[PDB]
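Have a look at the structure below before the remarks.
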Amino acid sequence: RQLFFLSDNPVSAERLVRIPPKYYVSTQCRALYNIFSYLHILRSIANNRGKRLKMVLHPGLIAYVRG
Amino acid sequence: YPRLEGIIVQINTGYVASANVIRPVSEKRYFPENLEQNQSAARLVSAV
Amino acid sequence: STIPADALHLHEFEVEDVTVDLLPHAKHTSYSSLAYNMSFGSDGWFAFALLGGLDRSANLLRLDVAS
Amino acid sequence: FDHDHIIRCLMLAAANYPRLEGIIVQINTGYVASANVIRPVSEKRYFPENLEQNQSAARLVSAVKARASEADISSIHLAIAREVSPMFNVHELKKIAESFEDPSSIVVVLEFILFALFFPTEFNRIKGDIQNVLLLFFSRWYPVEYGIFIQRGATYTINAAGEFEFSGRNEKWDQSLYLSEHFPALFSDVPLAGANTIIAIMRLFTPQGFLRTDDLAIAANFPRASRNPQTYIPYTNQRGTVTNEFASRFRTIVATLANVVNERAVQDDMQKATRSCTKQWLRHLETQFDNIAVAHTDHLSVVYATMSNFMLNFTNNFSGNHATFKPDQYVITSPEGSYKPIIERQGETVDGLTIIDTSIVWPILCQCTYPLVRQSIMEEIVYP
Amino acid sequence: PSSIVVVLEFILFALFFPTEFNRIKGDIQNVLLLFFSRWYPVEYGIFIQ
Amino acid sequence: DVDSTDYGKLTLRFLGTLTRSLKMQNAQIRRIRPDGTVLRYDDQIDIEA
Amino acid sequence: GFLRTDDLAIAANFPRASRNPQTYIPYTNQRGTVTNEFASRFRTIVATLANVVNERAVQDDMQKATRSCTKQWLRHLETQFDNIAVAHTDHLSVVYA
Amino acid sequence: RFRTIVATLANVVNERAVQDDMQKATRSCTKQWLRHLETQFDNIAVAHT
């Protein structure tokens, strides 16, 4: 009910954010970075010029998903 | 004095560290891109 | 109280200088007023433009689950 | 218009003022940008549908998106205008750091094939620094046939009797030795017994153009620095053809490159899926080349023709054979001093004019719309 | 190989409506001479010979 | 002071200042071998100018 | 490697515990070459270690992906060896000397 | 008649897809659809003819 015509899938948001591929660091970790790309587009949509944003990470977040 | 090996190595260690010959860094690169995630290599990435 | 189960935010997006493509169905819903908030140049229209799409593949099975 | 005087002062003006190359390129860039010839757009199509999100080609999509720069119009117009322009500072290659580990590293070779077809003149000026990358390609994929090629030589010279005196020294090429008598040895196009595959892949860097004389410049009595002023247009106009004869050259290149990447794949028994996603991408470059070969060989080939008749594009750029051509190295000699060469590598840039970026062919192939691809409106082609 | 659907669009249009298939059988050639020139390149050069 | 149009002033402060690095005593224009030796004039290679 | 005599120790008349002092430097200086002759030795070791692990995996008929991801790792060690092989043979070799 | 057309068209697409050495899964799911046109043609050809 919140997002009628907007997509369900975080797959559609991976088109919008590049991840430099040294960050792909676990077996589910491609599928987890999509939700990061999925939500911040929907969260910050009133401040979206139509630029493409890029993801940087804390190294503990790299360290936590290794496991 | 069989501890004389401790003297000669400590001088030889003191030359290597003074040459600035190897500086360690905190970036692993044991695997290429898209091999640590990869589920088929899960038996290999644990042994490395 | 902070948990070991969160590292798992602490990721932030950095804006760049090169734009997205706008998914050619956005030209079609440019006019006219495909919903109420999806008027031309609004937040819900642009989210339907930039994030884009609705798959049939997800919410048919969810439409198959609740039966 | 005095032919003898202007070509005589333009040989002092290149020796005293080596920044003159920045003048003639800026005049040539002002003609390319005033023709509305290449217009970038924000829609990428480097991959077909359902291959970028495919997990098998995740090794491949990290090798194409790491090479394809964004479509900046100030460099695509610069890349065309560098071609017919005279060369005063020796052009050197933007350093490409590749190790050719994976079979998805064939993208870097396809970057060089497209840069040899779209800009064959600017391929010649840096063809030696491409050898420094390609000798890391062949020595890690064809190690049996690499050593057969090295023992003949990594450089060669031209004998006075027309023979090819191969050196025999395994030397990394530098962009100095471009002015000397040494050539890159991959581009000799001389067959070697045992190294039949390396010579076969170097037959894919051949240009697909013709040699047009400056018919409108001689009759205008413009300054030229040769006897027969002949420039090299990269591709012939292709009117009235169903199958485009320039796009069909890229059909036969990929059909050889899909056998080079296949033999490298099955040697290391990689997945059926990771090999199929390579060949689906290699024929996605088949489809995206058919869309633009109508608009390169009909609208660029009348721009490269008319840029070779300008007053300040006064030198021969290229001949038609990488195995023999060298620029005519004039000097300003003096008995009571030292001779100052015209073409002289000194790194005196015009803030980015000598650094040649071979990643310019990925925006040209994919994310640039042309005024003939869209037939369905008619653009009404801007004649400057 | 998923573009065989456009060919199956032309077979069914030739079985259901063979009269209207005749009136536009020339424009169906222009689509199909892109079909055979990519999937059968050896036989295409013999055919346009 | 030479004649200088509105575009010529843009080019002279672009090159732009040094000229005295070259001897001009009996200066001619000749080709060189790629070895480094100054060749003579050739009636069939160089232009007549 | 090579078996180097101690030229600067005998002239210094330093104490040595044998007749000819011959230390063993692990690898030769490798200036002025395109390919490193110490890095290409590691090529011919992995190429032997490829054929051992390839024949071992097919004895237990395990997956194509679990075998290729081994062999993609073996020549990833080639790429990491080639980057450091210049600095061992040029700068570590004079330290052991 | 449509049975023996798809019997040819499922061999044209099979000779094509093995030349591009693509997956068994991506090819068998195509051939599941080509015989799905068979089931939908056998139902509606009773009302056509």
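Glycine gets a Cβ as well: all are built from the backbone with ideal geometry, and neighbour counts include every protein chain shown. Just so you know, all these numbers are worked out from the coordinates, no wet-lab data involved.
Inside 10 Å of the C-beta atoms of C:18-24, what's the mean count of C-beta atoms belonging to other chains? Don't jump to the answer; show the numbers that get you there.
Details: counts 7, 8, 11, 10, 3, 3, 1.
What the average comes to for C:18-24 is 6.
Quick note on chain A: its Rg to Rh ratio, both from C-alpha atoms and Rh being the Kirkwood radius, is 1.00.
What average count of beta carbons from other chains do you get within 10 Å of the Cβ of residues in A:31-44? Don't skip to the end; give the middle numbers.
On the way: counts 2, 1, 1, 1, 0, 5, 3, 1, 0, 3, 4, 3, 0, 1.
Partner-chain Cβ atoms within 10 Å, mean over residues of A:31-44: 2.
Pair-distance distribution P(r) for region G:52-97, from all Cα-Cα distances in 10 Å bins starting at 0: 23, 31, 21, 17, 8 percent. Measuring r between the beta carbons of H:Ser28 and C:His11 and using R0 = 51 Å, the FRET efficiency lands at 0.80. Largest first, the three principal axis extents of the alpha carbons in chain G are 63, 30, 15 Å in whole numbers. When you count the other C-beta atoms within 10 angstrom of each residue and take the mean per peptide, A:20-33, E:31-44 line up highest first as A:20-33, E:31-44. Note on D:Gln208 and H:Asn14: with the Förster distance fixed at 30 Å, the Cβ-Cβ geometry gives a FRET efficiency of about 0.30. Measuring spread by the Cα atoms of region D:245-384 yields a radius of gyration and Dmax of 22.0, 71 Å. Expressed as a whole percent, how much of the Cα-Cα distance distribution for chain E exceeds 14 Å? Of all Cα-Cα distances in chain E, 56 percent exceed 14 Å. Where does the Debye-calculated log10 I(q)/I(0) of region D:1-92 sit at q = 0.12, 0.20, 0.25 Å⁻¹, using only Cα point scatterers of equal weight, no solvent? The Cα Debye sum returns log10 ratios of -0.61, -1.02, -1.22.
Kirkwood hydrodynamic radius for chain B: how many Å is it when counted over pairs of different Cα atoms?
Result for chain B stands at 14.6 Å.
Taking label points 7 Å from Cα along the Cα-to-Cβ direction, H:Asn43 and D:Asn262 give a separation of 4.1 nm.
For peptide E:37-45, the mean count of partner chain Cβ atoms within 10 Å of a residue's Cβ comes to 3. For region G:56-97, the residues whose amide N sits under 13 Å from a probe point set 7 Å from the Cα of G:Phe14 along the beta carbon direction are G:95-97. Extent along the principal axes, Cα only, for chain C: 49, 47, 21 Å, with the longest axis given first.
I'd like the FRET efficiency for C:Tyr36 and D:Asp269, computed as 1/(1 + (r/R0)^6) with the beta carbon distance as r and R0 of 51 Å, rounded to 0.05.
On the way: r = 58 Å, r/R0 = 1.13.
With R0 = 51 Å, the Cβ-Cβ based efficiency is 0.35.
For G:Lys64, the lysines whose Cα falls under 21 Å of its own Cα, not counting residues fewer than eight places away in the same chain, are D:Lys272, D:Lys279, H:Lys24. As a rough guide to protection, the peptides D:213-224, G:52-63, D:9-20, C:15-26 ranked by mean Cβ packing within 10 Å, highest first, stand as D:9-20, D:213-224, C:15-26, G:52-63. Net length available on complete extension from D:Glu245 to D:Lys172 is 22.6 nm, with 0.36 nm assigned per residue and the Cα-Cα distance removed.
Can you give the Kirkwood hydrodynamic radius for region D:136-246, in Å, rounded to one decimal and based on Cα pairs? Roughly 17.4 Å, rounded to one decimal. Quick one: pull the percentage of alpha-carbon pairs in chain D with a separation above 28 Å. When every Cα pair of chain D is considered, 49 percent fall beyond 28 Å. Inter-label distance, G:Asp61 to D:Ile218: 7.5 nm, where each label sits 7 Å from its Cα along the C-beta direction. Quick check for you: which residues of region D:11-54 have the amide N under 15 Å from the point 7 Å beyond the Cα of F:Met24 toward its beta carbon? Flagged as within label range: D:11-18. Looking at the protein assembly as shown, I'd like the Rg to Rh ratio, where Rg is from alpha-carbon atoms and Rh is Kirkwood's inverse mean 1/r. Using only Cα positions, Rg/Rh for the protein assembly as shown is 1.01.
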